[PDB]
Amino acid sequence: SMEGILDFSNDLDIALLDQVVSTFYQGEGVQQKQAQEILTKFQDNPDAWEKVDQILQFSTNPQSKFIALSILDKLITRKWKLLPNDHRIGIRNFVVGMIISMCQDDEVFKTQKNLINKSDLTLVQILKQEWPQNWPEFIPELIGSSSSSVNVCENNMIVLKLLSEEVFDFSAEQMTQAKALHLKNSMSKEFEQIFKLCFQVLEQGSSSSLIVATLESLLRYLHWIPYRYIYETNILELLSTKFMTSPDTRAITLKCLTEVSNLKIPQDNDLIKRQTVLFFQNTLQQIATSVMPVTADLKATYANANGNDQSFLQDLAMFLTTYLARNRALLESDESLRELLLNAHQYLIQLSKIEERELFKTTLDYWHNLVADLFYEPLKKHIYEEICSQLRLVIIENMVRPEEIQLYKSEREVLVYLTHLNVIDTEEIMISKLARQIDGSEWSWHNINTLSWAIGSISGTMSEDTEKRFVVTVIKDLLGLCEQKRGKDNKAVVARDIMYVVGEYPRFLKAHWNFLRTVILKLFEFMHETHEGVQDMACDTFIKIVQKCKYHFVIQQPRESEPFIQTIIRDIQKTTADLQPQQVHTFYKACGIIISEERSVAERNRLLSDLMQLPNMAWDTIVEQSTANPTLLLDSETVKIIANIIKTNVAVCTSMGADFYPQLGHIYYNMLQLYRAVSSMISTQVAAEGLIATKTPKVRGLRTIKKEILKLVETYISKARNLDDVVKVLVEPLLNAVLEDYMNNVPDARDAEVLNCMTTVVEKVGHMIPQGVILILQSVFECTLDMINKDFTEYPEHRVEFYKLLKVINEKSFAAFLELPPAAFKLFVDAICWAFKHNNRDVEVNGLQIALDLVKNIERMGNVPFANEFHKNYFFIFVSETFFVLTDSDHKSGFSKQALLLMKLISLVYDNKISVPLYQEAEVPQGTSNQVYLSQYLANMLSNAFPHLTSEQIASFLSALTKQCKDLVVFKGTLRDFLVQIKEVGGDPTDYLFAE
Amino acid sequence: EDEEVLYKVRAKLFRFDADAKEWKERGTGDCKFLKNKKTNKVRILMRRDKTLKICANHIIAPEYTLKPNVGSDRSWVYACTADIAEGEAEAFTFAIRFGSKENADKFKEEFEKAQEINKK
Amino acid sequence: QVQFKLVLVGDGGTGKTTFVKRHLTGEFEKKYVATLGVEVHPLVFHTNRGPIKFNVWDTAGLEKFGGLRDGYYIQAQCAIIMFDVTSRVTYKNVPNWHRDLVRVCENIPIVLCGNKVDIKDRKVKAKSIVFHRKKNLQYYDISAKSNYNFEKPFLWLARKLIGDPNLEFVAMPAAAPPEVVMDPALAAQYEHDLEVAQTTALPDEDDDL
Ligand SMILES: O=C(O)c1ccc(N2CCN(c3cccc(Cl)c3)CC2)c(NS(=O)(=O)c2cccc(F)c2)c1
Ligand SMILES: Nc1nc2c(ncn2[C@@H]2O[C@H](COP(=O)(O)OP(=O)(O)OP(=O)(O)O)[C@@H](O)[C@H]2O)c(=O)[nH]1
Ligand SMILES: [Cl-]
Ligand SMILES: [Cl-]
Ligand SMILES: [Cl-]
Ligand SMILES: [Mg+2]
């Protein structure tokens with residue numbers, strides 16, 4: 001029976017609506033759900049708004065009235081201007097009447113805040129439509145009605161707050177530029193009278209709820225009003241004294257004073273500088289006397305989380321950091337302001353100790369600003385010595401692991417600056433923290449890890465001599481800590497921290513060969529420790545030291561018989577015998593970094609030969625047995641060995657790039673034969689078992705081999721220096737091995753890595769292989785488009801790699817698209833428009849870029865018959881496809897490139913850069929300029945797509961668009977104006993004449 | 001606790017949804033074989049990382065058989081007649097997946113040992 | 001047991017429904033099925049201070065499926081605002097969701113959640129995420145997919161609503177499970193169902209578990 005209300009042929013039963021609403025808000029499971037659907041269909045009924053005044057009058061349920069106002073809001077924001085003036089005045093008067101009535105009843109004002117606030121927002125929606133042009137007395141009457149009652153005055157502060165937010169804070173996306181400027185100037189014109197009211201309420205005092213609402217509206221005003229309303233009245237004094245003393249007003253006052261600190265203010269005026277100092281002094285004095293002294297444990301207070309303490313302390317942090325970042329120079333050169341300056345910073349030190357990651361980041365941004373200043377600004381650091389000393393301890397006790405990149409970076413930068421300012425104080429804190437790890441008083445895994453990260457972070461800041469004594473001290477202490485500790489858990493924790501610290505001090509390692517050698521041999525010993533995390537940290541530390549000290553492994557060190565890289569390679573089997581495959585790959589990668597330092601070719605090739613010895617021998621025995629008998633691949637264990645051989649080649653190619661070529665040359669032929677053999681096995685496995693085969697460990701193993709082969713080739717070609725060998729030796733066998741295999745597999749067996757590999761090939765050597773690019777298009781274009789053109793979800797990897805491949809082919813070898821038969825070229829245009837319609841931002845942005853590049857490619861051809869046929873066939877498809885994704889609200893992330901593409905297409909016609917008529921003859925007089933025809937075509941297209949727009953709105957929009965097709969920012973402004981106007985009826989056509 | 005931990009391994013548990021003909025994850029965390037010190041009965045007890053909510057709670061019945069999944073070399077599927085993770089004892093087709101083939105084989109070995117203890 | 005209404009808001013496709021479903025059933029839904037208006041689900045946690053129940057109002061982020069919009073926020077006691085760190089527009093819209101929420105719910109604990117931190121190519125960088133500071137919102141990086149910080153929003157809201165900062169999620173004791181006898185009449189039934197399940201692949205076979 002609930003579905004009664006959806007029957008609009010019968011008058012609405014208010015008692016039934018009130019039941020539905022109650023069922024939705026207070027009911028459960030199936031009952032709630034059904035009410036939900038009925039309420040939604042009611043609210044979305046386009047005539048439902050006619051029921052609102054009946055519901056507001058006769059409903060008992062404040063939830064019904066709320067939903068009634070939602071319905072009214074949809075009317076007011078979308079279709080208001082269809083209503084006769086009499087009806088608009090009727091609705092306006094009903095809304096004002098309902099607000100005043102609810103405010104005059106003390107019980108309803110207390111208990112119905114939801115409904116009153118929603119009523120106030122509905123009124124503001126009407127002001128946006130009607131005010132001031134059709135309601136000049138609104139502000140005078142609001143000011144007047146405010147003296148009649150404390151409830152009405154308080155509610156009028158909420159209305160003015162919402163009005164200010166809608167006009168200055170949220171207008172950007174929601175109104176045309178012209179309408180935003182109109183409402184801003186209107187509020188600006190009448191502000192003097194609004195301020196007079198707000199000032200009187202703040203002066204004449206009494207009701208805390210009234211005072212709080214007025215300060216809430218002031219916070220919004222401070223975003224836009226001129227400084228003189230703050231600095232040339234008593235208001236600064238009231239905010240910084242009276243309103244900081246009482247806790248009801250304290251939170252909002254602090255947020256007001258934060259925005260006061262952000263006001264645009266004259267820079268060269270002693271009275272203003274004194275007033276800026278005075279409100280800070282008054283605020284901090286009220287904090288110290290009414291809230292907590294400078295010494296208070298805010299860590300403890302915050303933790304205890306009593307009442308609004310957490311928000312108050314967040315707001316204090318925001319106020320101090322904002323004010324001091326702008327004004328601390330006001331406090332620095334006057335002896336009588338020194339205590340105020342240091343107390344404000346002392347509050348920040350206490351706030352910095354609170355355990356609350358996001359608050360800590362706020363204070364850390366301020367400390368970064370301060371210590372950066374003390375590093376460069378003359379005669380300042382001495383002021384802040386005691387503050388800086390405390391901050392050293394705070395940052396060191398709070399150091400996070402380098403894995404948390406943004407927070408580690410910020411913390412490191414602050415600690416580096418503080419170390420420069422006093423290296424002795426930094427060292428003393430770190431050594432005495434280390435001593436409290438050793439004596440057990442502060443011992444824990446977290447605490448020794450934190451300290452190790454802090455010690456690591458300041459590498460390179462001390463003099464080489466100071467660093468030498470500091471690093472030795474720290475390593476001796478950590479070694480003692482290790483010995484002293486019992487059980488492998490504890491020893492492994494300290495051992496990881498020793499590895500971490502040594503890895504962060506390359507300058508020390510590069511100066512002390514004996515030390516470096518010992519470190520490496522110790523890392524090799526730890527590569528035999530199966531205790532969790534030790535092997536990974538030994539491998540990570542090995543590659544990190546190699547990245548930084550590689551030159552020391554490639555020269556003969558005094559009193560060594562050979563370059564240390566030879567010693568590593570000779571013992572590689574033994575060194576790596578207990579590592580997991582991924583650890584072996586890291587190790588070989590690190591060896592590749594060292595070998596790339598050797599600039600003698602014969603010596604580099606020999607070291608590369610020696611490094612690849614074990615994978616090359618495993619490979620040779622497999623290729624012998626595998627070719628002698630193909631069935632040997634089916635073996636699970638062989639597939640894993642082959643994959644790990646190819647992965648070892650990828651690891652070493654990653655670090656060696658162009659230098660890897662002789663190794664690639666050694667395996668290339670047999671690697672491509674393996675690619676074909678593994679392909680056949682996948683094909684015949686999918687035939688034998690069905691698509692399910694592609695989920696099996698065997699077929700996933702075989703496919704891994706194919707993907708690592710493609711990754712090896714793409715890695716080499718992306719870094720190759722000799723492109724002649726790439727084209728002459730690598731490309732032809734690669735294309736023969738991979739393209740037909742991709743084309744002739746069922747969609748579910750096609751590797752998207754093939755597309756990725758071809759992208760790199762076209763990127764690096766596309767200009768030199770025009771026939772190769774055609775072969776790539778012929779093999780992958782239509783079969784990949786057919787996988788991805790049924791929906792936006794299937795084959796996400798293929799989708800992304802497909803548009804990256806078309807993008808690079810369109811940039812590098814556009815001749816490949818000229819070669820396509822017309823039907824295939826049409827599919828290319830279809831594929832680009834398909835990319836436009838994607839929500840996934842990777843595809844959409846490549847889609848729009850290909851479209852730009854394609855237009856550029858056609859423009860370049862000048863006045864010839866391919867270009868002329870392209871425009872006649874596709875210009876209007878690109879204009880209308882672009883407009884579709886601009887106006888449908890489902891593609892807002894692509895806005896900028898949609899606008900750029902549309903501007904390009906419009907400028908081609910506006911400049912007369914299209915030789916032929918775009919219209920087919922007898923559609924317009926034969927003289928007709930393409931400009932006149934484009935105007936007409938767009939007028940017609942926009943009228944059909946948006947029938948609620950007037951002819952005038954569309955003509956004005958298109959007039960503005962064609963004039964502004966050389967000025968992107970203004971063009972984008974006009975497009976945004978149009979996107980606001982399509983969402984409502986009766987948009988002003990003069991809005992498109994907006995300037996400046 | 002009234003129970004002894006015989007075996008503990010990190011695992012991901014799935015239940016088969018016959019309607020949607022798809023596996024749905026039920027939780028990730030420590031799968032525990034717990035021997036009740038009063039009855040000597042061994043159960044699987046599995047709790048989710050961070051929430052610690054129970055995702056498996058059933059006796060390792062002697063009538064259960066661990067079967068391979070076509071997709072995995074580190075997973076077992078078995079029918080369970082009476083699991084009380086979500087309350088009222090329900091039947092599920094479970095799949096449990098481990099970090100490695102070795103963990104999965106060790107799990108199978110321990111599950112058989114528990115079946116033999118539960119035959120007593 | 002105390003029950004609190006929790007409203008979940010944010011752009012379409014940010015992971016609101018996926019996150020709640022993970023909390024209800026443990027499952028990771030890969031498909032995007034846009035919410036129509038709101039889905040309401042009870043969610044219970046066990047704490048050292050007894051059970052807490054959230055009545056979760058998981059609202060539609062897509063404008064065309066918005067339903068009652070702010071109608072869903074009425075008498076909410078807490079909220080999560082969700083965005084996707086892989087989609088800049090979703091963070092740009094956070095102030096709009098916050099505006100609409102606090103106009104109905106003036107004084108409630110709110111968590112801001114940047115979802116999908118599991119994705120390598122992050123578009124909303126840590127440095128850019130500052131909107132929470134002046135609004136007194138708690139912020140967490142989360143992944144519904146990797147379970148990174150997946151409990152943190154609820155733990156923080158529970159601490160705020162119970163008013164005990166040291167509240168923890170606890171394990172409830174696990175009842176001894178029943179010993180049953182396999183029914184010989186449904187033995188044929190179960191071999192069928194086990195056949196279908198052995199021959200359907202487990203998802204995400206490349207994950208750590
Ligand atoms: O004088 C040298 O040439 C020398 C050579 C190697 C040294 N190390 C560095 C490697 N090392 C180490 C030990 C365990 C793990 C790790 Cl990653 C590294 C401690 C021994 C040290 N370490 S040390 O702290 O400076 C030192 C000084 C004096 C006596 C020592 F026993 C140790 C010195
Ligand atoms: N990679 C990744 N994907 C996620 C994550 N969370 C959710 N997703 C996916 O992203 C999409 C999110 O879908 P939903 O959770 O339905 O989105 P929603 O926010 O409820 O959207 P609306 O209901 O339309 O407002 C689904 O495809 C999820 O599988 C995450 O942490 N990581
Ligand atoms: Cl300054
Ligand atoms: Cl060097
Ligand atoms: Cl409309
Ligand atoms: Mg949803």
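Proteins get letters first, then strands, A, B, ... in listed order; numbering begins at 1 in each. Order of appearance sets the numbers: ligands from 1, and atoms from 1 within every ligand. Keep in mind that the numbers below use all heavy atoms, side chains included, and drop hydrogens, waters and symmetry copies.
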(message) Check the orientation of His420(A) and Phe375(A). Use parallel for under 30°, tilted for 30 to 60°, and perpendicular for over 60°.
(response) perpendicular
(message) Under a plain distance cut-off of 3.5 Å, with no hydrogens placed, do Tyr323(A) and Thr276(A) share a side-chain donor-acceptor pair?
(response) no
(message) I'd like to know if the side chain of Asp118(C) pairs up with that of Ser143(C) as donor and acceptor (distance under 3.5 Å, no hydrogens or angles considered).
(response) yes
(request) Tell me which protein heavy atom sits closest to atom 10 (O) of ligand 2, plus the residue, atom name and distance to 0.1 Å. (result) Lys116(C) NZ, 3.2 Å
(message) Is a donor from one side chain sitting under 3.5 angstrom from an acceptor on the other, for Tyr384(A) and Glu332(A)?
(response) yes
(message) Judged on heavy-atom distance to atom 24 (O) of ligand 2, which of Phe65(C), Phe83(C), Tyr32(C) sits nearest?
(response) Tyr32(C)
(request) Pull out every atom of ligand 2 sitting under 4.0 Å from any heavy atom of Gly15(C), numbered as shown with elements. (result) 7 (C), 12 (C), 15 (O), 17 (O), 18 (P), 19 (O)
(message) So that I can tick it off, tell me whether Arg328(A) and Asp373(A) are bridged by a salt bridge, with the cut-off set at under 4.0 angstrom between side-chain N and carboxylate O.
(response) yes
(request) State which residue, out of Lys24(B), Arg26(B), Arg48(B), fulfils the salt bridge (charged side-chain N to carboxylate O under 4.0 Å, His left out) condition with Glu27(C). (result) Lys24(B)
(request) For the residue pair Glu386(A) and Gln346(A), confirm or rule out a side-chain donor-acceptor distance under 3.5 Å. (result) no
(request) From atom 15 (O) of ligand 2, work out which of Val9(C), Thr793(A), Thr18(C) has a heavy atom at the shortest distance. (result) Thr18(C)
(message) I want to know if ligand 2 touches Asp58(C) in the polar sense, i.e. an N/O pair below 3.5 angstrom.
(response) no
(message) If we count only N and O atoms by modelled type, under 3.5 Å, do the side chains of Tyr366(A) and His345(A) hold a donor and an acceptor together?
(response) yes
(message) Are any of the N/O atoms on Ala34(C), whether in the backbone or the side chain, positioned under 3.5 angstrom from an N/O atom of ligand 2?
(response) no
(message) Against ligand 2, does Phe19(C) come closer than 4.0 Å with any heavy atom?
(response) no
(request) For atom 21 (O) of ligand 2, grab the closest protein heavy atom and report residue, atom and distance to one decimal in Å. (result) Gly13(C) N, 3.0 Å
(message) With heavy-atom distances below 4.0 Å as the criterion, list the atoms of ligand 2 near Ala144(C).
(response) 6 (N), 31 (O)
(request) Ignoring hydrogens and angles, state whether a donor on the side chain of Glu844(A) or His891(A) is under 3.5 Å from an acceptor on the partner side chain. (result) no
(request) Would you mind running through ligand 2 and noting each atom that sits below 4.0 Å from a heavy atom of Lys16(C)? (result) 15 (O), 18 (P), 19 (O), 20 (O), 21 (O), 22 (P), 25 (O)
(request) Could you tell me whether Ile119(C) and ligand 2 have an N or O pair separated by under 3.5 Å? (result) no
(request) Within a distance under 4.0 Å of any heavy atom of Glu29(C), pick out the atoms of ligand 2 and give their elements. (result) 28 (C), 29 (O)
(message) Test your reading of the structure: does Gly61(C) have an N or O sitting under 3.5 Å from an N or O of ligand 2?
(response) yes
(message) Closer than 4.0 Å to some heavy atom of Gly12(C) - which atoms of ligand 2 meet that?
(response) 21 (O), 22 (P), 24 (O), 25 (O)
(request) Consider only side-chain N and O atoms of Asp748(A) and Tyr795(A), and report whether a donor and an acceptor are under 3.5 Å apart. (result) yes
(request) Have a look at ligand 2 and work out which part of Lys30(C), if any, has a heavy atom under 4.0 Å from it: side chain, backbone, both or neither. (result) backbone
(request) Specify whether an N/O/S atom of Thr18(C) falls short of 2.8 Å from the Mg ion (ligand 6). (result) no
(message) Any nitrogen or oxygen of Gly10(C) lying under 3.5 Å from a nitrogen or oxygen in ligand 2? Just yes or no.
(response) no
(message) Would you say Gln36(A) and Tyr72(C) are linked by a side-chain donor-acceptor pair, where the criterion is simply a distance under 3.5 Å?
(response) yes
(request) Give a yes/no answer: is there an N/O/S atom of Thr59(C) under 2.8 Å from the Mg ion (ligand 6)? (result) no
(message) I want to confirm something. Looking only at heavy atoms, which of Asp118(C), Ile142(C), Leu62(C), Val38(C) is nearest to atom 32 (N) of ligand 2?
(response) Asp118(C)
(request) Could you name the option among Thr17(C), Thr59(C), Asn115(C) that has the heavy atom nearest to atom 5 (C) of ligand 2? (result) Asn115(C)
(message) Under a plain distance cut-off of 3.5 Å, with no hydrogens placed, do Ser261(A) and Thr322(A) share a side-chain donor-acceptor pair?
(response) no
